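Only one chain is shown below, in structure tokens, and it's the form deposited in one PDB entry.
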């Protein structure tokens, strides 16, 4: 019941270790260790068989076998129902008292989810057999008065430290395309016809580390870019892209929203591999993927989706609903002021957001024979309640950057209020 700032797709969440069922259903045993004595409980693996626990909201597709394959893509887990890993606990009772040693089997809880438009449509919980838990305490009195107690509710409880690690995986039903040659400063890729049938991922790497602008020729549809987790510093060839079938992906930036006309500004390192996910294009006209290495302080947009705002030639509110970046991340908006350019002529604007809070930076986009350049016009320490207006030259282009500071809703709404 919390906001998950990620694009549509599959995710595997390591929800922590130390999970066990209620009513001692995972109790291995208890030892009464008398003073000056030592007790020990062992899982020697004389048999390597382990018993995983599985729960799914859709048996047909999110089957145990399917879920296991996802866990393999996320964390590369090899053994699901066997183990050669031994665990053992040892305790010595003091000279003054007796000790009670309770030992239980445990599980690591992995959650597999199908996340669509801020919502979970399917869910599976895989409990990977773990290395147990041991509770030692002062031995109870054999005389302690017995208290009738109703059995607890059927279920799990967490015993290990708090953990929540999200890892995205390539959607196995969307194909993967590959740009074999490390891309240079400029590159154009023709999107295959299969795009008409389903979204695909384009795997690639850059020849030179730096910031890049990535987009379709009409800034439509919106793109999403990921990093192949663990891809850096493995096999490498200067003239070819060495694939490692890494299906674990880290979301950098991008949106799913259909009408979100935009392009991406991201930081790319040559020693890594990346995936760009192109939505399904239900059109017969061939689309293209354009890559361009940007020199200049356009890098300030450091890993951001730049939304091009439409219909700015009116007065009042101008809203834009977009999937909100996570706390600390960016989301940008490009504005070409209505009217013709002649330094003097201007219009008054007031920038705000509505669901989520953040820090704003207003840039004046300029041109040079050395690429683009940004000139900071102003900064805003409060966007949810900003009232300070500002005048912008007509026919000029501005980019507003938002750094999310408070994630209250799945979507963040941007408002380019035109006072005049």
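Numbering follows the first chain given and starts at 1. Residues that one form lacks are left out of the comparison. Between two forms, the rigid core is defined as the largest C-alpha subset superposing within 1.5 Å.
This next part talks about the form deposited in another entry, which is not shown.
**Request:** After superposing the two forms on their rigid core, pick out the one entry in 381, 370, 60, 48 with a CA shift of 2 Å or more between this form and the one not shown.
**Result:** The one that shifts is 370.
**Asked** Rigid core fitted, then: does residue 345 show a CA shift of 2 angstroms or greater between this form and the one not shown?
**Response** The answer is yes; the displacement is at least 2 Å.
**Message:** Residues present in both forms only, core superposed, 2 Å C-alpha shift required: which runs of three or more differ between this form and the one not shown?
**Reply:** After superposition, residues 343-347, 367-370 shift as runs.
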